[PDB]
Amino acid sequence: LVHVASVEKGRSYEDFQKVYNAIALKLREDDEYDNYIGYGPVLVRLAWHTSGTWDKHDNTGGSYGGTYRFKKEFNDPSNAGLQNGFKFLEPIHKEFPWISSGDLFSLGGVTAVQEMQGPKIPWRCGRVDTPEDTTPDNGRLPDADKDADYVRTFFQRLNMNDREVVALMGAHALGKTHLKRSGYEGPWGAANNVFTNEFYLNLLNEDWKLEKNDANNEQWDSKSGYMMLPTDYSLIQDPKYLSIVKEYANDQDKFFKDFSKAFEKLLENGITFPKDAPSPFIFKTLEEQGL
Ligand code: HEM
């Protein structure tokens, strides 16, 4: 099945910059969430999980249809906690009812990365809501208790190569694991609502110990109070991933550029953009606008 991008009727860059801005202003205002981490990280994860159900083999799942709004997908165990990002976006959608669900979930992620001082992420409009029976089944998002071979094979289904995988994983600088959500507990670093290459630096430079958490799952822990999932740690166990981790730990600009490309790609998988579609939009941050 082909999913052709269809611009919300009559809308242009300024309309979407207004949606961006409303997201960004609420991110600033609603600062208490998650012990003052704020909503940035969970909005990035919402964008990824709503895109990451895609299957390149038959074009099922993906960001286009905004199917997270249906109960089979919002109740996926893999999505536990993302309801907080959805609730955040509800007043945004009420103010701007013309935006599609897929466009809003993906734009939330872009806006969060940029407002957290991350790279610019070009973003295209035109996702169209599809019906409840197009919702992908549970089980397409990845397990955390696995090794590098698992990670590499998993991401082939999303058409991501080694560099794209290691770059995307750098988003684990953000937010934290929550025991009641995923069976893992703790942040990956100190700067968890500012977008930096800290994930790679901590992988290489902390002294990690393999411990069991209070849900009886293994995770890697440091004396600084940081953690890594087994799938994170696999990036320094596999020699191909290790090389790339070292590259990003040593070049913040390269990480930013490669993350931006991979994240846009993730958010666009499955979508056909007509030859005469608008060019991708690059939104200004609140700071750049003086707001
Ligand atoms: C092998 C792939 C991956 C696995 C197994 C994985 C697993 C996890 C787990 C278990 C959590 C903690 C959930 C919780 O307890 O709240 C988490 C959080 C998160 N993940 Fe991933 N992840 C992967 C890839 C990614 C990618 C590709 C991105 C986005 C580019 C991403 C962004 C995030 C963010 C931002 C959080 C923090 C959420 C919060 O603080 O609420 N992850 N991930």
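Sequence positions, counted from 1, serve as the residue numbers for this chain. FYI, side chains are in, hydrogens and waters are out, and symmetry mates aren't considered; it's all heavy atoms of this structure. When a ligand or atom number is given, it counts from 1 through the structure's own listing order.
Under a hydrophobic clustering in which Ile, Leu, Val, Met, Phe, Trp and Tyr are joined whenever their side-chain heavy atoms come within less than 4.5 Å, directly or via other members, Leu242 and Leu235 fall into the same cluster.
Proximity of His178 to ligand 1, defined as any heavy-atom pair under 4.0 Å, is shared by backbone and side chain alike.
Residue-ligand proximity, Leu168 to ligand 1, at heavy-atom distances under 4.0 Å covers atoms 27 (C), 30 (C). Of all the atoms in ligand 1, the ones that sit under 4.0 Å from a non-hydrogen atom of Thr231 are 5 (C). When each atom of ligand 1 is checked for a heavy atom of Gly175 under 4.0 Å away, the hits are 40 (O).
Partners of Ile282 by side chain to side chain contact (heavy atoms under 4.5 Å, CB included), not counting sequence neighbours, listed by chain and number: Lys120, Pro122.
Aromatic ring orientation, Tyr64 versus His3: parallel (interplanar angle below 30°, classes split at 30° and 60°). Classification of the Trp98-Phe16 ring pair by plane angle, with boundaries at 30° and 60°, yields perpendicular. Note: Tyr248 and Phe255 have tilted aromatic rings, judged against thresholds of 30 and 60 degrees for the angle between ring planes.
Aromatic ring centroids of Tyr20 and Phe281 lie 6.0 Å or more apart. The six-membered or imidazole ring of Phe74 lies away from that of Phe86, with a centre-to-centre distance of 6.0 Å or more.
Ion pairing of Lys265 with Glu164 is present here, as a side-chain N (NZ or NE/NH1/NH2) and a carboxylate O approach within less than 4.0 Å. At a threshold of 4.0 Å, the pair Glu90-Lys94 does not count as salt-bridged, since none of the basic side-chain nitrogens sits closer than that to a carboxylate oxygen. Using a cutoff of 4.0 Å between basic side-chain nitrogens and carboxylate oxygens, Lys176 and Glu185 are scored as salt-bridged.
The protein non-hydrogen atom at the shortest distance from atom 40 (O) of ligand 1 is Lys176 N, 3.0 Å. Looking only at protein heavy atoms, the nearest one to atom 35 (C) of ligand 1 is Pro41 O, 3.4 Å. Atom 37 (C) of ligand 1 has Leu174 O, 3.7 Å as its closest protein atom, hydrogens excluded (heavy atom only). In terms of protein heavy-atom proximity, atom 10 (C) of ligand 1 is nearest to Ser182 CB, 3.6 Å. Closest protein heavy atom to atom 5 (C) of ligand 1: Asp143 O, 3.4 Å.
For the ligand labelled ligand 1, residue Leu82 lies outside the 4.0 Å heavy-atom shell. Judged by the shortest distance from any of its heavy atoms, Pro142 lies inside the 4.0 Å radius around the atoms of ligand 1.
With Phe105 as the aromatic partner, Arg69 does not meet the cation-pi criteria of under 6.0 angstrom to the ring centre and within 45 degrees of the ring axis. Under a cutoff of 6.0 Å and an axis angle of 45°, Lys26 and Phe88 form a cation-pi pair.
Here the protein contributes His172 NE2 as N, O or S atoms under 2.8 Å from atom 21 (Fe) of ligand 1.
Taking only nitrogen or oxygen atoms, main chain and side chain alike, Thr177 does not reach within less than 3.5 Å of ligand 1. For the pair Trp188 and ligand 1, the shortest N or O to N or O distance does not fall below 3.5 Å.
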